Amino acid sequence: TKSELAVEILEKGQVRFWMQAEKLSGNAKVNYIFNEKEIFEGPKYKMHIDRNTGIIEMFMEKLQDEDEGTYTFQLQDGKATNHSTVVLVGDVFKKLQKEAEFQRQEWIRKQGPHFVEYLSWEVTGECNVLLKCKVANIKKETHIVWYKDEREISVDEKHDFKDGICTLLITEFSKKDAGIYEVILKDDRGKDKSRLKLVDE
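Reading guide: rules and limits
- Residues numbered from 1 in each chain as written, not as in the entry; some residues may be left out.
- Heavy atoms only, no water.
- Residues with missing side-chain atoms left out of burial classes, pairs and counts.
- Pairing = 2+ DSSP bridges.
- Helix = DSSP H or I, 4+ residues; strand = E, 2+ residues; numbered from the N terminus.
- Axes fitted to C-alpha atoms, helices over the stretch in contact; angles between N-to-C directions.
- Buried < 20%, exposed > 50% of the residue type's maximum accessible area, 1.4 Å probe, protein only.
- Polar contact = N/O pair within 3.5 Å; in protein donor to acceptor, adjacent residues only side chain to side chain.
- Contact = heavy atoms within 4.5 Å.
- Salt bridge = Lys/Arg side-chain N within 4 Å of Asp/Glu carboxyl O.
- Domains from an automatic or database assignment.
- Buried area = accessible area lost by both parts, 1.4 Å probe.
- Nonpolar A, V, L, I, M, F, W, Y, C, P; charged D, E, K, R; others polar.
- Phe/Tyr/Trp six-rings, centres within 6.5 Å; stacked < 30°, edge-to-face > 60°.
- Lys NZ or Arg CZ within 6 Å of the ring centre and 35° of its normal.

- Its PDB header attributes the entry to X-ray crystallography and lists the resolution as 1.850 Å.

Listed below in structure tokens is the structure:
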């Protein structure tokens, strides 16, 4: 065994269980085990063996809570028999699960219109407040919608860009302008949201 069973998070948040054998014959057999029960290729687990490199892999799209536990690859090649086990319990499980969830959601988010910088505010002009954000992967069809307190606020609709700044000018800022501002980006590729609680005293 060149390396024992280990688990890492890949791009798109995929979960990769892998180990490396020094050598495989091409006639090797692997059994995959989770919490003392054999598991099989299908909608949940995908398995791969690369003969030349000795790499044996199992992939998952994400970790459900019930996926906490002990994983074993049982390897048989000729008379040689080995196993390698990883225990995914406690903090390591939580960390893997959260990292997978975060990376998967981030990859998805980025395939559509999304925020690069979330809402912030500045003062400009004659005591005005400008709300601003920075967005990316916008297309002509993308809807950009601004709200205060769940009520739409109309702005000029000129996003003749893919990446850029979106702003909302609040003229003569006063108490009536306090509230929860939101900007939604959306098209058939995805939806992203930003929020800003603007107070006045």
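**Focus: the sheet that holds strand 2 (residues 15-20)**
Inference 1: The strand order 1-2-6-5 describes an open sheet built from 4 strands, whose pairing is antiparallel. Every interior strand has two partners, whereas the edge strands, strand 1 (3-9) and strand 5 (46-50), have only one. Neighbour-to-neighbour, the strand axes of this sheet turn through a mean angle of 15 degrees, independent of strand direction.
Inference 2: Bridge count for strand 1 against strand 2 is 5 bridges, and the pairing is antiparallel. Bridge pairing in strand 2 links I9 to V15.

**A word on the side chain of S194**
Inference 1: Summarising the element assignment, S194 is placed in strand 15 (residues 190-198).
Inference 2: What makes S194 buried here is its relative accessible area of 4%.
Inference 3: Within the structure, the side chain of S194 is placed 2.9 Å from the backbone nitrogen of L119, a separation counted as a polar contact.
Inference 4: Those residues within four positions of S194 in sequence are excluded, and the remaining contacts are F115, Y118, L119, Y181, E182 and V183.

**Description of the pattern of salt bridges**
Inference 1: Enumeration according to the criterion identifies 9 salt bridges in this entry.
Inference 2: A salt bridge links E8 to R16, with the nearest nitrogen and oxygen atoms 2.8 Å apart.
Inference 3: Exposure remark for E8: the relative accessible area of 32% places this residue in the partly exposed category.
Inference 4: Judged by its relative accessible area of 13%, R16 is buried.
Inference 5: The salt bridge involving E106 is made with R109; its shortest N-O contact spans 2.8 Å. On the criterion of helical spacing, the pair formed by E106 and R109 is a turn pair, its members being 3 residues apart in helix 1 (residues 91-110). Comparing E106 with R109 shows no difference in burial state: the two are buried.

**Some thoughts on the domain arrangement of the chain**
Inference 1: Structurally, the chain comprises domain 1 (1-113) and domain 2 (114-201).
Inference 2: Counting residues at the interface gives 5 residues for domain 1, matched by 13 residues for domain 2.
Inference 3: Both faces combined, the contact of domain 1 with domain 2 buries some 620 Å², and carbon together with sulfur accounts for 50% of it.
Inference 4: Our count for the domain 1 to domain 2 interface comes out at 1 salt bridge.
Inference 5: Close ionic contact of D192 with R109 constitutes a salt bridge, the shortest N to O distance being 2.9 Å.
Inference 6: Our count for the domain 1 to domain 2 interface comes out at 7 residue pairs in polar contact.
Inference 7: In the side of domain 1 that touches domain 2, the residues fall into 1 nonpolar, 2 polar and 2 charged.

**A look at the packing of aromatic side chains**
Inference 1: Within the structure shown, the criterion is met by 4 aromatic pairs.
Inference 2: The interplanar angle of 45 degrees and the centroid separation of 4.5 Å between the aromatic rings of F17 and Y71 together place this pair among those described as tilted. Taken as a pair, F17 in strand 2 and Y71 in strand 7 (residues 69-77) lie far apart in primary sequence, 54 residues in all. Across this residue pair, the class does not change: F17 and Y71 are buried.
Inference 3: Taking NZ or CZ as reference, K12 lies 4.1 Å from the ring centre of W107, over its face.

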